[PDB]
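Novice: Below are the structure tokens for one structure; questions will follow.
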Number of protein chains: 6
Amino acid sequence: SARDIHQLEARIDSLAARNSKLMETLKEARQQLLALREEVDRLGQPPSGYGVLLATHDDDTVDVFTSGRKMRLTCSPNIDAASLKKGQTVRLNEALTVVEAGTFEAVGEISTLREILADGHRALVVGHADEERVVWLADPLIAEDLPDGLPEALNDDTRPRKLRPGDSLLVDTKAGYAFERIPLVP
Amino acid sequence: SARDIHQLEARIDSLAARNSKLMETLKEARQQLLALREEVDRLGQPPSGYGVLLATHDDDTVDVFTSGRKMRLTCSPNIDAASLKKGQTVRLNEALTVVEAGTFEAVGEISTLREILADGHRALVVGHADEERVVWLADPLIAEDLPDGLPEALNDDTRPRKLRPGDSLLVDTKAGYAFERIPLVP
Amino acid sequence: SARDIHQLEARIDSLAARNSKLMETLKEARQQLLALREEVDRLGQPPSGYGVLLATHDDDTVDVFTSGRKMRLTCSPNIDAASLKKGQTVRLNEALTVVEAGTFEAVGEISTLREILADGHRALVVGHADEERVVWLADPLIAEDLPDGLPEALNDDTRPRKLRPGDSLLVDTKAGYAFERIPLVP
Amino acid sequence: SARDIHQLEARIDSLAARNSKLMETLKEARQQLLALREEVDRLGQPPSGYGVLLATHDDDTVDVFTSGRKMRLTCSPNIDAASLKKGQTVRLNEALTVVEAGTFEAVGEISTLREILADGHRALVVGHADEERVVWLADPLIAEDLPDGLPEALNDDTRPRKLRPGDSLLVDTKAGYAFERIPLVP
Amino acid sequence: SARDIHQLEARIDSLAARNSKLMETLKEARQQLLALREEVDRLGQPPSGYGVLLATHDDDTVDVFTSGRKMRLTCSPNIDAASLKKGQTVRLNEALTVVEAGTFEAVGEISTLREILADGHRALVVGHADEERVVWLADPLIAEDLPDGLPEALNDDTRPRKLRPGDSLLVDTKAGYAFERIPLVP
Amino acid sequence: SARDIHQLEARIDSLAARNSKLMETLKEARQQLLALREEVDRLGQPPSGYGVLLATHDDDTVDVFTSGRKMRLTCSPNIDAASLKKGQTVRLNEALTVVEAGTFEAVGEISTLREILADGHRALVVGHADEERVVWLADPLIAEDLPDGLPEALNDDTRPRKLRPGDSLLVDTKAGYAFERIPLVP
């Protein structure tokens, strides 16, 4: 027979055609993604401002505290929402839209703390003119595996301990955070 | 005339399984380009303001306290018309229109409580250097079912009670509320 | 005669015509007013800000004090400019245009008062760090039929009196107002 | 043929007095729709700013002090180019252009007067905690015809005088003026 | 010959033409300048703001300090850059662009000064609550021909001297300037 | 026929030297209209912001401190990549993009130095009333080649040294740095 031959020579074209047009739509999608993901680094571009991170949400939002208010902010793709730590300094572009995580604020108000609260997250800190406030503790100061502390009879060690009613802390009253311990010798 | 039909059946059987390896990788391209495009499509929609709740109105409206000032603004169809409590933190969108309820601002100044006021609603508190301001109390400080306390002849106070003058309670002098009590120890 | 009949049948049409077109222009004016006055309630719509009222004018203006300056502000139709009392919290829409009157600011700075002034409107109040300032008194504290006083030998009454050099007042140093008396037990 | 003419004379006499009841109610519609439309047409024109007057210039210009800062701006044709006195309240329109004179800011800080100054224009006053600032005086404190005083050997001072050091006078340290004297009593 | 005559009658036109068109281009330039220089007085027009002059550059720019930041600002033609004195109140139009020079600030914070620095330009002033700060000195207080000082035994002269560890100064802590001496008598 | 040729040679010789007096004054018009137009063309280009330098990044970026806040922004491909020192006063254009090094903010608060810190980068200084803050030090306070000092048994300290606790050093607590040291004398 001579109809089968013409029936195949027709399927081969009906398949070469679907192969030309598919190979192209991929290039179109792989060009498209390299553009969208080039866009996401355009988001992390300077000039950018800095807020403290108050708390994490489930739906990829953050309570950040920036420019003096509590804001609830959408963050970038590029940023890993699990590994965001309470009270860490984040970065943010024009329209606020988070784009990095960062150290902890390292400079500022010192105040001595008077006790840790039932919560286990908040301190009674006492600032400078016998002023008392209640801050959140930056995850790093209640942190899981922090050494007992040991006594105070092999003198000044200052290496990282769990928190004592005595220590001096670096805080941001404006925000609501503790941040780090400090050696004082009074 | 029979090799002709192998050739064909062999170009075919070869394309249709290149056609199906592409089918499958183009699927897994669209599925990454569409999950990314929604994340980015979310970053477009503006962020959220937060503010303290100052009083319900027999209107639809509320007196909140947002980016510094005392404003009166409407609620969205979807939140509990009047069953949010005086002085809780709420969320607010771009055009300023409440949309959630929340916790209780839980960090801030500590004052002592000079005496609850005339009408059982305001307190007169003394701040950090003696200066006396008069604050609204927020519901869970005067809710209906709070134990009279007993006098103090067994020790421990950590558990909910009616406000006795003397108590150190926490307060946001720029907004006007007190928000929770503090387990004092000397 | 047959000219009079045609002369009336012509006046009746010349009057039926003026009656069709008048009945319509009214509907046009009564629709127009229901739109203008619907607009005036669109003005009192949320989101809205709140200022203190300094003093009233003849030509429907107010000296209000909102967001930190003195402003001379036009108010809404809906508003009864003679029932406005010096130092009364008003409300204001987007472009500042008053739209309600209201209670009295109820929370804030307590200070004690050292004397009323020859004016009979202004006080020497003495705040917290032996700081002295001079506020306007909210009409309610010099009000006409304020019961005299009587001594203090049937003890604590705290029901409304005329104002003593003793009492503690709720003020807004920012604005310049007193607002209410307070029972301090001392 | 005579009933015909009653009928007519009776349709007429009936319309022309429906025509005149409408005439009159449409009048009283236009008279409410036009009195309202002017009130609303007024709410369009922007509100007014206020500021203190810092010094006449032999130009047309004044150095006033408005939304917090110290600006120099023109006067409107219609106010008396030179006859307004150093440090009185003035009104200002949207494009900042003075338009009125006013009273004297009548409420604020109270300082004592340490000694009038070198040139007879500035005072050195001590504020509420001991800081000493140096303020301009406003005309009615150094105007030309003020009683030399008398020593004090009969009591009551409430009447206009030349400033004796000691006198507590009232002042607006962020703007720089003093504004009026105060009856002391011990 | 008759070709020379036609050769001159042609140069005279070729020169009358260059004379018509030149006389016009001048009017065009002299009209243009009277417009540009009319523009430069339109720049010094009210409403205008007031900054302190920090330091002068060579390239017609200034470090002024206005509205709380340090700014490097271009000034107008009309203004003589080498007659600008460190710490002199300047004026500035809408877009900041200097347009006058001025007196010195005249009112403000008094503090006594503990010493002049090795620099010879900066003082250790000491403000009110035993607060120490370090200001630039307005040229006028280290000025070249400042008479000596002399002892203090022909009593209070107050007439202009060179600066002592004793005197009280008028300063702007916000800017960083001293400005003038003051005769206190304690 | 010969007067004809004087006439001509005399109109010519007269125009061509009016033509050359204009030539020359039009030159001196263009030369003033173009030197002015460039001065004015400069006043168009926006002014400059300044801010403190908070830390180099192994990116291309810096953490500066500008119009009050703490931002991270890029450098102009012409300033020294990372050989600018921590906490020096840089300048910034309109779109906020650094463009220069500068001196050292030389005026401000004076504090005493309690003890240099753990990692030799932050100090803990006490301020003016007793509050203690923790500040970044700016290169020249801890650069490499600074004399150990010697003890105090001959006098005069004015010359560069390593920071001994006690020293009064200047500092800008809102930004975070200290900046230079002060020759103390009791």
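Please note: Cβ atoms are built from the backbone with ideal geometry, for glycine as well, and neighbour counts cover all protein chains shown. Rule-based calculations on the coordinates, nothing more; no lab input.
Novice: Specify the inter-centroid distance of the range C:125-185 and the range B:16-42, based on alpha-carbon positions, in whole Å.
Specialist: Centre-to-centre (Cα) distance: 74 Å.
Novice: Here is a further query. What order do you get for B:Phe65, E:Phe65, E:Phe179 when you list them from fewest to most C-beta neighbours inside 10 Å? Walk me through the numbers on the way to the answer.
Specialist: Details: B:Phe65 19, E:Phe65 22, E:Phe179 26.
Going from least to most buried by this count: B:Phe65, E:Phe65, E:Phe179.
Novice: What does the charge count near D:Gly49 come to, summing +1 for each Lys or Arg and -1 for each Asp or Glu among other residues with Cβ under 9 Å from its Cβ?
Specialist: Summing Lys and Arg as +1 and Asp and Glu as -1 gives +3.
Novice: Now for a different question. For the rotation that superimposes chain E on chain C, which residue of E has the C-beta lying nearest to the axis, and at what distance in Å?
Specialist: Per the Cβ-to-axis criterion, the result reads E:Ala129, 7.
Novice: Using only the alpha carbons, work out the radius of gyration and Dmax of chain C in angstrom.
Specialist: 28.0, 106
Novice: Sort F:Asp167, C:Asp119, D:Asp58 so that the residue with the fewest other Cβ atoms within 10 Å of its own Cβ comes first and the one with the most comes last.
Specialist: On the way: F:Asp167 20, C:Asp119 12, D:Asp58 6.
Going from sparsest to densest Cβ surroundings: D:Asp58, C:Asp119, F:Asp167.
Novice: On to the next question. With a sphere of radius 12 Å drawn around the Cβ of B:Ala17, what net charge do the other residues whose Cβ falls strictly inside it have (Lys, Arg +1; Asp, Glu -1)?
Specialist: +1
Novice: Considering only the protein assembly as shown, what is the antiparallel percent among its DSSP beta bridges, to the nearest 5? Mind showing how you got there, number by number?
Specialist: Values: 207 of 220 bridges.
The antiparallel fraction comes to roughly 95 percent.
Novice: Shifting gears a bit: Distances from A:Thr158 to the same residue in each other copy, label points 7 Å out along Cα→Cβ, in nm, shortest first?
Specialist: When each copy's label point is compared with this one, the spacings are 3.4, 3.5, 5.4, 5.5, 6.8 nm.
Novice: Along Cα-to-Cβ, 7 Å out, sits the label point; list in nm, shortest first, how far the one on F:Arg69 is from those in the other copies.
Specialist: Listed shortest first, these distances are 1.1, 1.2, 2.0, 2.0, 2.4 nm.
Novice: Limiting things to C-alpha atoms, what are the Rg and the maximum Cα-Cα separation (Dmax) for the protein assembly as shown, in angstroms?
Specialist: 39.9, 142
Novice: What value, in deg cm²/dmol to 500, does the helix sum -39500 (n - 2.57) over DSSP H runs of n ≥ 4 give at 222 nm once divided by the residues of the protein assembly as shown?
Specialist: On the way: 10 runs with 244 residues, N = 1116.
Result for the protein assembly as shown: -7500 deg cm²/dmol, rounded to the nearest 500.
Novice: Cross-link candidates for E:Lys70: which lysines have Cα within less than 21 Å, leaving aside residues fewer than 8 places away along the same chain?
Specialist: D:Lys70, D:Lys174, E:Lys85, E:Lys86, E:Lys174, F:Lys70, F:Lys85, F:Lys86, F:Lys174
Novice: Checking a compactness column here: for the range D:82-176, what do you get for Rg(Cα) / (2.2 N^0.38 Å), N being the number of residues?
Specialist: Numbers: Rg = 15.2 Å, N = 95, 2.2 N^0.38 = 12.4 Å.
The reported ratio for this selection is 1.22.
Novice: Cross-link partners among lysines for D:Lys27, C-alpha distance below 26 Å, same-chain residues fewer than 8 apart left out?
Specialist: Result set, ordered by chain and number: C:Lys21, C:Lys27.
Novice: Oh, and also: Among F:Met23, C:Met71, which comes first, second and so on when ranked by fewest other beta-carbon atoms within 10 Å? If you can, show how the numbers build up before the last one.
Specialist: Details: F:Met23 13, C:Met71 21.
Exposure proxy ranking, most exposed first: F:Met23, C:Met71.
Novice: I need the inter-copy label distances for A:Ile12: point set 7 Å along Cα to C-beta, values in nm with one decimal, smallest first.
Specialist: 1.1, 9.5, 9.8, 9.8, 10.5
Novice: Tell me, what HN-Hα J-couplings in whole Hz come from the Karplus equation 6.51 cos²θ - 1.76 cosθ + 1.60 at θ = phi - 60° for each residue of the range E:20-26, using x for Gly and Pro?
Specialist: Once θ is set to phi - 60°, the couplings for the range E:20-26 become 6, 6, 7, 3, 6, 4, 4 Hz.
Novice: Rounded to the nearest 5, what % of DSSP beta bridges with both residues in the range E:49-107 are antiparallel? Kindly include the intermediate steps, with their values, before the conclusion.
Specialist: Numbers: 17 of 18 bridges.
Here the antiparallel bridges make up roughly 95 percent for the range E:49-107.
Novice: Which ³J(HN,Hα) values in Hz, rounded to whole numbers, follow from the phi angles of the range C:118-124 under the Karplus curve 6.51 cos²θ - 1.76 cosθ + 1.60, where θ = phi - 60° and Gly and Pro get x?
Specialist: Those phi angles translate into 3, 3, x, 10, 10, 10, 8 Hz.
Novice: A further question follows. Sorted from largest down, give the three principal axis spans of the alpha carbons of the range C:16-109, whole angstrom values.
Specialist: Each principal axis gives a Cα extent; for the range C:16-109 these are 71, 28, 21 Å.
Novice: Same structure, new question: Give the Rg (one decimal place) followed by the Dmax (whole number) of the range D:1-43, computed from C-alpha coordinates and expressed in Å.
Specialist: Considering the range D:1-43 through its Cα atoms, Rg and Dmax are 18.8, 64 Å.
Novice: What is the sum of charges, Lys and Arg at +1 and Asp and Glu at -1, for the other residues whose Cβ falls under 12 Å from the Cβ of F:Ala138?
Specialist: Details: positive: F:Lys85, F:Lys86, F:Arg122, F:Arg181; negative: F:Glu105, F:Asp139, F:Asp172, F:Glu180.
Local charge sum for F:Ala138: 0.
Novice: Could you compute the FRET efficiency for E:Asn155 and D:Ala81, with r as their C-beta to C-beta distance and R0 at 35 Å, rounded to 0.05? The partial results should precede the final answer.
Specialist: Numbers: r = 44 Å, r/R0 = 1.25.
Taking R0 as 35 Å, the efficiency between E:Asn155 and D:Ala81 is 0.20.
Novice: Right, another one. Convert each backbone phi in the range E:53-58 into a coupling constant with the Karplus relation 6.51 cos²θ - 1.76 cosθ + 1.60 (shift: θ = phi - 60°), then list the ³J(HN,Hα) values in order as whole Hz, x for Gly and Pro.
Specialist: 8, 6, 9, 8, 9, 6
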